[PDB]
Amino acid sequence: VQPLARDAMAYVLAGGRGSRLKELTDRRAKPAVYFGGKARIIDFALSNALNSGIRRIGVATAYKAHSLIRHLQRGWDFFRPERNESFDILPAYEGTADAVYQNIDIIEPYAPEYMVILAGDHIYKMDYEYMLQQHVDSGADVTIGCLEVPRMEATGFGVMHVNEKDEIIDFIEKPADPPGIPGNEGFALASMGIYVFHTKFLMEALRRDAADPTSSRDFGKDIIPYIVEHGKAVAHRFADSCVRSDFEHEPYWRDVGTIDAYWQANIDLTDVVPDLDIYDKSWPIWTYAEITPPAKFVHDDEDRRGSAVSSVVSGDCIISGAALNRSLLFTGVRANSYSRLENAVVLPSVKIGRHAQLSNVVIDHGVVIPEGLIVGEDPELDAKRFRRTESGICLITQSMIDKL
Amino acid sequence: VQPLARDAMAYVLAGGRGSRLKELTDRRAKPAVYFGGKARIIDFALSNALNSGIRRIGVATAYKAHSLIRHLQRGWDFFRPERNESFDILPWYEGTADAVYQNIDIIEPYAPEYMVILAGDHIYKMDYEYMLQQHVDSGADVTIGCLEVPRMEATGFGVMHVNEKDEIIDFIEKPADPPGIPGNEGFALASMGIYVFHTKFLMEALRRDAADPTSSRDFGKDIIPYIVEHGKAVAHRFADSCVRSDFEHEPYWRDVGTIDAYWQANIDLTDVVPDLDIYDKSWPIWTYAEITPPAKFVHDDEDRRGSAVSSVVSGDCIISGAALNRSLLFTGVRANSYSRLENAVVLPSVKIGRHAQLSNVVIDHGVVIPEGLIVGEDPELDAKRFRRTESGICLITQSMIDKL
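Residues numbered from 1 in each chain as written, not as in the entry; some residues may be left out. Chains lettered and ligands numbered in written order. Heavy atoms only, no water. Residues with missing side-chain atoms left out of burial classes, pairs and counts.

Method of determination, as annotated in the archive: X-ray crystallography, at 2.2000 Å resolution.

### Some thoughts on the domain arrangement of chain A
Residue and element names in this part refer to chain A. To be explicit about the condition: Either an automatic procedure or a domain database provided the assignment from which the domain bounds are taken. Summed over both partners, the accessible area (1.4 Å probe) lost when two parts come together is defined as the buried area. Salt bridges are counted wherever a side-chain nitrogen of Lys or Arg sits within 4 Å of a carboxyl oxygen of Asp or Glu. In this text, helices come from DSSP runs of H or I with a minimum length of four residues, and strands from runs of E with a minimum of two, each type numbered from the N-terminal end. Only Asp, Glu, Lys and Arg are considered charged, only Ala, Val, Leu, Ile, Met, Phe, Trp, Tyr, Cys and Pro nonpolar, and every remaining residue, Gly among them, polar.
Domain annotation of chain A identifies domain 1 (1-279) and domain 2 (280-404). Using only C-alpha atoms to locate each centre, domain 1 and domain 2 end up separated by 32 Å. The largest share of the area that domain 1 buries against domain 2 comes from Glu23, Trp263 and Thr270, three residues that together contribute 20% of it. Counting every contact that joins domain 1 to domain 2 gives three salt bridges. Mapped by element, the contributors of at least two residues to the side of domain 1 that touches domain 2 are α1 (42-52), α2 (66-75) and α9 (259-267). Looking at side-chain class alone, the side of domain 1 that touches domain 2 contains 18 nonpolar, twelve polar and twelve charged residues.

### Description of the packing of aromatic side chains
Stated precisely, the cut-off is as follows: Planes of paired rings set the category: under 30 degrees apart is stacked, over 60 is edge-to-face and the rest tilted, where pairs are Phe, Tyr or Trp rings (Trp by its six-membered ring) whose centres lie within 6.5 Å. Whether a residue is buried, partly exposed or exposed follows from its accessible area with a 1.4 Å probe, protein chains only, as a fraction of its type maximum: under 20%, in between, or over 50%, in that order. Placement of a positive charge over a ring is assigned whenever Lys NZ or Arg CZ falls within 6 Å of the ring centre and within 35 degrees of the normal to the ring plane.
Overall, the coordinates contain 23 aromatic pairs over all chains when judged by the stated rule. With centroids separated by 5.7 Å and ring planes inclined at 35°, the aromatic side chains of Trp76(B) and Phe78(B) adopt a geometry described as tilted. Note on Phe78(B): relative accessible area 29%, which makes it partly exposed. Put simply, the rings of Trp76(A), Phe78(A), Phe79(A), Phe87(A) and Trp286(A) pair up and form one aromatic cluster. Over the ring of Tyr101(A) we find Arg217(A), and its NZ or CZ is 5.4 Å from the ring centre. Note that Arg217(B) overlies the ring of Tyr101(B), its terminal NZ or CZ placed 5.5 Å from the centroid.

### Looking at the side chain of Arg304(A)
Residue and element names in this part refer to chain A. What counts is decided by this rule: Any N or O atom pair separated by 3.5 Å or less is treated as a polar contact, with the protein-specific requirement of one donor-capable and one acceptor-capable atom, and with residues adjacent in sequence counted only for side-chain atom pairs. When checking whether two residues touch, look at their non-hydrogen atoms; a contact exists if any pair is within 4.5 Å.
Mapping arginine 304 onto the fold places it in the loop between β12 (295-298) and β13 (307-309). On the basis of relative accessible area, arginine 304 is assigned to the buried category, the value being 18%. Among the polar contacts made by the side chain of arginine 304, one reaches the side chain of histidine 299 at a distance of 3.5 Å. Apart from the residues within four sequence positions on either side, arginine 304 is in contact with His299, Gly321, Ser337, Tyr338 and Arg354.

### Structural notes on the pairing of strand β21 (residues 357-363) of chain A
Working note: regular strand, side chains alternate between the two faces of the sheet. Residue and element names in this part refer to chain A. Here is the rule: Only strands that DSSP links by at least two bridges are regarded as paired with each other.
Buried residues dominate β21, accounting for five of its seven residues. Bridging between strand β19 (residues 340-346) and β21 involves six bridges; their strand directions are parallel. In the strand pairing of β21, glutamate 342 is matched with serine 359. As paired strands, β21 and strand β23 (residues 374-375) are joined by two bridges and run parallel to one another. Following the sheet pairing, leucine 358 is matched in β23 by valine 375. With three bridges connecting them, β21 and strand β25 (residues 394-396) associate as parallel partners.

### Looking at the domain arrangement of chain B
Residues and elements named next belong to chain B. Looking at the assigned domains, one finds that chain B contains domain 1 (1-279) and domain 2 (280-404). The centre of domain 1, based on its C-alpha atoms, is set 32 Å off from the matching centre of domain 2. Taken together, the contact between domain 1 and domain 2 spans 41 residues of the former and 34 residues of the latter. The junction of domain 1 with domain 2 conceals about 3200 Å² of combined surface from both sides, 65% of it contributed by carbon and sulfur atoms. At the junction of domain 1 with domain 2, the criterion picks out two salt bridges. Put simply, domain 1 and domain 2 have 13 residue pairs in polar contact between them. Of all the secondary-structure elements, those providing two or more residues to the side of domain 1 that touches domain 2 are α1 (42-52), α2 (66-75) and α9 (259-267). The leading source of residues in the side of domain 1 that touches domain 2 is α9, at seven residues. Of the residues assigned to the side of domain 1 that touches domain 2, the class counts are 17 nonpolar, twelve polar and twelve charged.

### Some thoughts on the pattern of salt bridges
Scanning the entire structure with this criterion turns up 39 salt bridges over all chains. The shortest N-O distance in the salt bridge between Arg208(A) and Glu204(A) comes to 3.3 Å. Here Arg208(A) and its partner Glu204(A) are both found in helix α6 (residues 199-210), four residues apart, which amounts to about one turn of the helix. Using a relative accessible area of 30% as the deciding quantity, one classes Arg208(A) as partly exposed. Residues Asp177(B) and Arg151(B) are paired through a salt bridge, measuring 3.1 Å at the closest nitrogen-oxygen approach. Placement of the pair is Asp177(B) in the loop between β7 (168-173) and β8 (187-198) and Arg151(B) in the loop between β5 (142-150) and β6 (158-162), with a sequence separation of 26 residues. The exposure class of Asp177(B) is exposed, given its relative accessible area of 55%.

Okay, here's the thing in C-alpha cells:
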C-alpha cells in the first residue's frame, strides 16, 4: 500500500571532479556543470529523488564545491523539516563510502528505512520507487542500477557479471572484454553508481569498511565487491524504471565525461527529434532559475541578420545581428552584429563581440569573446590558443582568451 | 533622514475593466492583461511600490477578477507580515473611492502614515519616494501625479489646471480644449490616477464621500475636485520621478486603452532600440513566472525555416519550420511548419497550425490557429471573422475561431 519512497533518503555523491573535462571543471565540480539550456548536471539526480517521492536528500560535496553549494542553497531551498522534508548539504572525503560514513550522525536522526545512493554527475530520469520495491521483494543486501549496453561499450564501465535471475556473481572494473548477459550475450550490465540498501544494513558496512585499513573506502572498489562475495547483490535494469517521454526513442542516460561527449549531448538538443525531451512536463527537472526577459532577435539585412536556426536559445539572450546555427545558448548571452556561431554550446552570460566567428566550440560561463575572433578555421592555431579535442571541438575559457 | 516609504501603504486600483479592449478583457480584467512577453499590466504598479521601498500593498479587484487574483496569489506571495510586510487582495465597488472606503478596516490596523493610491492598469516606472517627499514638503492635502502631454493629446485625460507653483486650481474631465501650463501653454498636465495623501486626511475624505449621495464615489470625479476647490491640491511631474533606463530616450508610460495602442506598445518592443527597456536591472519588474524550457527553432530548407527576425520570443516556444518577423511571442507558443507570423502579438500557449499566415494581429491566450488560416490579407473577410481596428489589427479569440 504505502510507497517505499516515504521511508527512503536519497544520498547524492557530488564529489566528482570530472577531470577529463579539463578547464570546464577547473573551478567547479562536475555536478555543478551546466547542461541543456538551464539546469546543472546534479539537478537530474535531485529531481529524480523529488519526483520519485523521496523527501529527504543529502548531497555530499568536496572538490571546488562553493558554486555547487551556492546552487544547492538557492535552487533547492523549498524543503521544510516540519513537513518531514530535508535537504542537507554535506561538505567534507576518503572515498564514496566515507562520504556517507562521515555523515551517519545526520542520517540516523532521520531513521530512514532505506538509503538510495546516487551518483550526482549523470544526466538521466529514473523513478526510484521501482528499485526500492525490487530491493525489498528480492531480499537483497544491495540492489544496483545498471545500463544495458553493447559489450564493446561496457569496457569503460564497472560491469556486473550476472546470472539468469539477475543476481550479481562478479564485478569487474573496466573489463577489456566484458561478460555478457546470460541469454543476451550481445549486451553487458554497466553499473550506474546507483545503490539501494536497507539503512541499518548499510550502516553496518560503512562501519565495517571504516575499520578496515585495507579499503579504499569506495562503494565500487570496496563495499559492493565485498557484498557480491559474502552477501547478496542484485541488479536492477535502468530500462525497468527509466522515465521515458513519448518523444524519447530509447532510455536516456549520459555521462558527459569528455569535452566531446559533453558537446555532443548538448548539441543533440538542437535536433528536430532530440534523444532528450526537455519539454516533458510529467517528470520535470527542477533547478535554480530567475525571472528573466525573453530572447531578443534584431537586425535584418543582407550584411547582418540576428536569427537562430536549428538552435536552442534561452531567455535573457539578445541576438544582435548575429547568425546562429546548430547552437545551444544558455541564459544571458549577448551576440553582437556580424558574429556567427555554429555548432556552439554557449554557457550563461557569454558575450560575443562583433564579427567574431566560432564553430564547434564550448564557451565557458561569462566568457567575453573579443571582436573579430575566429575559431574553427585553423586547426593548428585553434589547438594552440584553446583546448581542442581530437574531434575539433574547442573549449574556450576567459583565461585562454586573456592569453592572446 | 528616514525614507517616507517606510510609513506608506500603496493601494492599487485594479477594478479597471478596459471596455475598449473588447474580447481581450471579456474573461479577465485589464490589470490582468499580459504585456511585454512575460508580465501583466498590474505588475508595473506593484513593482514600482516594491522598488520604491513601500512594504504594505493592497490591491482592490472587482471585474472578472478570477485570473487577476490567481496571478496575485501565485506571483506576489513573498511578503511576510512579521517583517512588517503585507500584500492584501481585496475583492464590483461603487467607484475608485469606494474601493478604498470599503476596506478601511484593513488599512487602519496597519496605521500607515501615508497612502499611495495607484491605478493598476498603466505601464510605467516611477519612484514614489519623490512624490511622498513633495507631498510632505508642500503641505498638500493631495499630491497628484501628472504627465506632461501636448494639449491636443490631453483631451482624453482628466486634466489639471495649475498656477505657476504647480498648485492645482481646477480639474476638468476630458476637456475638449485643455488648459495649458502657465508659461508652457503648448503642454497640459494629465492626471495619472496616482494620488498621495496623509492617511488620516484620506480616511475622512472617504467617509465624507460615502455620506454624499450625489457622488459617483470616484477619486477623479468626486474626491479630487472637492479638495481642488475646498482644500490643497498640488501636482507632481512624472518627469521628476520617472525611472528611466539609460536605454530609454524619454519617460515612458502607456495606457494601452485600445486594441491599437495595446498592439503598438507590445510590437514596439521588437525595435532595435525600444522605448521600453525590458532589460533594465536597476528597476526590475517582478511577476509570476515558472521554470520553463528554452525556446527552440527547427527545420532549415527552402520550403520551411524555423527562425525569428526582429522578434522577441519567450521561453517554452517551439518554432518549428515557422517564419516570424516583427513579432512578440509570450511563453508556450507552438508555431508549426510553413506558418508565418508578421506584426503579431502572440499571448501565452497559442498554437499556430501549419501553413497559416497572420499579419497585424493580437492572438489571445491559448488560441489554436487552424492550419492554413490567413489573416491580414482580406480586410472585408477579416472584419467579418474577427475584431478588426481601423488600422487593420485583428484581435483573435478562440470563440471567433470556433465560428468559422
